[PDB]
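Enquirer: Encoded as structure tokens, here's the structure I'll be asking about.
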Amino acid sequence: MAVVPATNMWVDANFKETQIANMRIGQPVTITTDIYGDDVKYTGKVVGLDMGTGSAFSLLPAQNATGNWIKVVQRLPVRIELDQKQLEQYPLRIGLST
Amino acid sequence: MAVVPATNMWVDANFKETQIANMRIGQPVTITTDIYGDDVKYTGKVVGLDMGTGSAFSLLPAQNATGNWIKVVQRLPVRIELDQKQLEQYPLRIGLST
Amino acid sequence: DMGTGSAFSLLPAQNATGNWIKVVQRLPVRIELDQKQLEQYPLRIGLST
Amino acid sequence: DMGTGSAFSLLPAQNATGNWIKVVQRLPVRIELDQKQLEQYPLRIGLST
Amino acid sequence: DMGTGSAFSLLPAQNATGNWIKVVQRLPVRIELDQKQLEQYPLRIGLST
Amino acid sequence: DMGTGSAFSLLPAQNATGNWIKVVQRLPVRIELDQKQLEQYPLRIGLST
Amino acid sequence: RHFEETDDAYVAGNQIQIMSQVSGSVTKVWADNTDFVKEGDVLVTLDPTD
Amino acid sequence: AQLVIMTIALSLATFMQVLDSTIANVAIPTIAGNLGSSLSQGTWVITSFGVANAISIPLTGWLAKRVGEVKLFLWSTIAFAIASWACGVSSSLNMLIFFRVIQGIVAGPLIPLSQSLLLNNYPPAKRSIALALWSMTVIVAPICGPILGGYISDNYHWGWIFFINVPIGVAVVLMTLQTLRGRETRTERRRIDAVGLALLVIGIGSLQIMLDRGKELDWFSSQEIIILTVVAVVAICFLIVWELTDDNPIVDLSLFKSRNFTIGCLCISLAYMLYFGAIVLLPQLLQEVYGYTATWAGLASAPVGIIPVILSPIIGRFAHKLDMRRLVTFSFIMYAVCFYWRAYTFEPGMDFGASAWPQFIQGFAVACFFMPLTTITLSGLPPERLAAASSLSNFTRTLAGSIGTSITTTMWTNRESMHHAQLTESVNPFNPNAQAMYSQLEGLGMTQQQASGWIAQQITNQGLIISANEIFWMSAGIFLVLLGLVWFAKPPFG
């Protein structure tokens, strides 16, 4: 089975390569969810950016060998840490959009 | 071989993330199945809500990947419980829709 | 049977593209045959009926 | 052969899926080819006929 | 070679399906090359010809 | 490199299948970057240039 | 602009796949889906015959 | 009565061409296989007809002014029957290409000449009814084709696709001779312009070749496509400059001086671009991503003809009390509704009914788009020029259809590639519910490489569905803007 602790949760924000620049550690963030709508806000901070784009560790070709090659803008995940006093009263769940 | 008991059964709801803000544990619920029509109404109770939507537990998670022209909304299964006195009178089977 | 076709699938129906639409489900029923007539007209696995 | 191609496959085609449409079924049949003529006209595996 | 490619493939070809359509088969052939020519204009695996 | 991406892919390309459409191939090439300017302007794995 | 936005975000967390340190057969199961379990609680029990 | 028999005959004349156009594209795989050729090699059997027909359609009026409309109709019908027979009994791919070229060159004067004859012969008291009846045959044949084409492909030897046209031509010629006797058209001899013909041939042929071959050559990354587009653009520019200055009209461009004609042509051409670029995907999507057969795939588009086959007379009967513009607007809104319907409802496990209701809805949209817009297009022009106007309208419409197909196919494949790239990322180590899939696969005995291929195939299918639904959304959005253009046309309708 699985046990899912509901205390320490973060957010993974996928930004394009165009936006990754100008993002440093510790910058303020504001996160709004859909289950709670706009009636509740969240505060957080940048923890850091990842040294990989997801496609680094993929086990399969990104595109088919038979087909041609088409340019696709890449995305790079960013770790954002939430404040824990808001989760206890407005809890979240894994995989919700924001 | 697989042995499948016919005594205790529940229902997985798969609600939209945008309509679960106000559900609680123990709220009443009524269920009508497409096998017995609209003349056999079950009654149940909300045991609890799951953590992890439906995309989080899948190999190919539908997501708002950058470049997508159509936005998507996730779903989060919630669990219901059936009154067994009704169930023994009108047996159900796994996978039936309601 | 005690489950529909999708419930007891071999591999999970892979995650949809983001849309979901209700479709009717189907449940198998095991029908016996008269053996005395199979010998006159044999069948084979996978023939539609 | 005692079984259709849709069955007897690596993954037996799963009916009862709620999106089922009827299609004809094909049953393989084995044919022995005169061996005195293969030597004059060799054949290969997978050549259509 | 002794197979038409579709017979000798990573995933075996299924032809007793029902949605089968006829397509031309292909058969690989082995060609030698003069090594002296390759000495001054080298090739690499996968280049088309 | 001594091979095309399609030839040396984790999944081979199967050209002897009849439903084959010609496509220009590509060959990987390695380029050495200077490390002195990497400190000033870091780069991540997977970015595009 | 001074801001950067993205709708490709998703909440994330930790998950542990409970696994046994030994082989055997099961005789009890102490929890089901949507059950609160504390650290140090028994979740499964095996036959101690072997 | 003679009027009804003539109507049937001309309906058949305009029906045979649509049947022949639609059936071949469905039958191309088996035909290509039976003659020892590949799909790319065989698809030339369609491009040749496309080029020939594209050249032939603009030239209808020039031959009409000299040979005579009735004689041209009869001769073209007999020649088309003969060409279809010859194609049916072919025995090689090259011979098939030759006879298809001949057939396409012959068949050009069918649709516009038939429309002109029907419009003129009927008394003005029932012009609207004649036009309404005509629009039906162009809306029903495209669906009546693929079902029979698939049945013939999967049951009998090919060649019977091109044999059915023989009896249709025979009936058409017999009825036309028996009914049109004495209703001849006045003729006139005039000098021939050579530069106009040469420029038209070169330019339109180059455009058709470019459109039909761009995909496989990755469009502008091939020098051949570049030279083709250059020659096409230069030829068209010079021809357009010349024709407005030419004394003898190889192409009658004076019709563009009418505001109604310009607006109607533009609206019909753009709407047809969207329509025909959209419908093309559905058969391929069903056959490849869902496992449908050709006959089943064609059967999924039957519910489109349920509505028009009823409402067409009613619209024709009551045309006296309708501001046709409001019908065009309603049809555009109904086309947006249908495409948005498809956009938010396509799923991997969708039954036959999930792709049959939207076409039932699209029936209304198609029903109220051809007759009103064509009535506006040919509004107020004198009876003698109806031939040239029809030729121009058909030429523009066919160009729009080809352009739509060319754009849509490339968008579909490219967006599929993008989605494939964005999906395969999740399949890596360090991921539960990713090693579990491998474990279950190896449970069934598949190797590691085979399991990887299977996962890749599934990702491909999902990407195709997503990319296909992204195109439908774009088409509906584009429709929403094309709505208001139809209001620029004055009301001289009559």
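In the structure tokens, the first chain shown is A, the next is B, and so on; residue numbers restart at 1 for each chain, and ligands run from 1 in the order shown.
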Write out as an MDAnalysis selection string the residues lying within 7 Å of segment 15-17 of chain F, counting only C-alpha atoms and excluding same-chain residues fewer than 6 positions away.

Expert: chainID E and resid 5:6 25:27

Enquirer: May I have the residues within 10 Å of segment 35-43 of chain C as a list in words, using only C-alpha atoms and disregarding those fewer than 3 positions away in the same chain?

Expert: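 Near neighbours after the sequence-gap exclusion: residues 32, 46 and 47 of chain C; 2 and 3 of chain D.
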
Enquirer: Generate a file of the selected residues that holds N, CA, C and O atoms, formatted as a PDB file, in the first residue's frame.

Expert:
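Heads up, here's the output in selection.pdb:
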```pdb
ATOM      1  N   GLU C  32     -23.863 -22.282 -21.757  1.00  0.00           N
ATOM      2  CA  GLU C  32     -23.503 -23.656 -22.058  1.00  0.00           C
ATOM      3  C   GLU C  32     -24.017 -24.038 -23.444  1.00  0.00           C
ATOM      4  O   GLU C  32     -24.832 -23.340 -24.050  1.00  0.00           O
ATOM      5  N   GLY C  46     -13.074 -18.341 -30.965  1.00  0.00           N
ATOM      6  CA  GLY C  46     -13.065 -17.027 -31.571  1.00  0.00           C
ATOM      7  C   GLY C  46     -14.061 -16.792 -32.684  1.00  0.00           C
ATOM      8  O   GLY C  46     -13.990 -15.744 -33.332  1.00  0.00           O
ATOM      9  N   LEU C  47     -14.984 -17.717 -32.927  1.00  0.00           N
ATOM     10  CA  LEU C  47     -15.984 -17.527 -33.968  1.00  0.00           C
ATOM     11  C   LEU C  47     -17.146 -16.695 -33.444  1.00  0.00           C
ATOM     12  O   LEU C  47     -17.691 -16.979 -32.373  1.00  0.00           O
TER      13      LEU C  47
ATOM     14  N   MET D   2      -7.072 -24.212 -34.640  1.00  0.00           N
ATOM     15  CA  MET D   2      -8.186 -24.160 -33.699  1.00  0.00           C
ATOM     16  C   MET D   2      -8.152 -22.852 -32.912  1.00  0.00           C
ATOM     17  O   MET D   2      -7.872 -22.815 -31.716  1.00  0.00           O
ATOM     18  N   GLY D   3      -8.468 -21.764 -33.606  1.00  0.00           N
ATOM     19  CA  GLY D   3      -8.549 -20.473 -32.953  1.00  0.00           C
ATOM     20  C   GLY D   3      -8.303 -19.299 -33.876  1.00  0.00           C
ATOM     21  O   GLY D   3      -7.386 -19.333 -34.702  1.00  0.00           O
TER      22      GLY D   3
END
```

Enquirer: Skipping near chain neighbours, those fewer than 2 positions away, what residues fall within 7 Å of residue 21 of chain B using only C-alpha atoms, listed as a PyMOL selection string?

Expert: (chain A and resi 35-36) or (chain B and resi 19+23)

Enquirer: Can you check the Cα RMSD once chain B has been least-squares fitted onto chain A over every paired atom, in order?

Expert: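 For chain A versus chain B, the C-alpha RMSD is 2.1 Å.
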
Enquirer: When you get a sec, could you note down which chain F residues fall within 10 Å of chain H, using only C-alpha atoms, as a PyMOL selection string?

Expert: chain F and resi 10-12+18-24

Enquirer: Looking at only C-alpha atoms, which of B:90, B:57, B:69, B:42 is the one that sits closest to chain A?

Expert: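 Of B:90, B:57, B:69, B:42, the one nearest chain A, counting only C-alpha atoms, is B:57.
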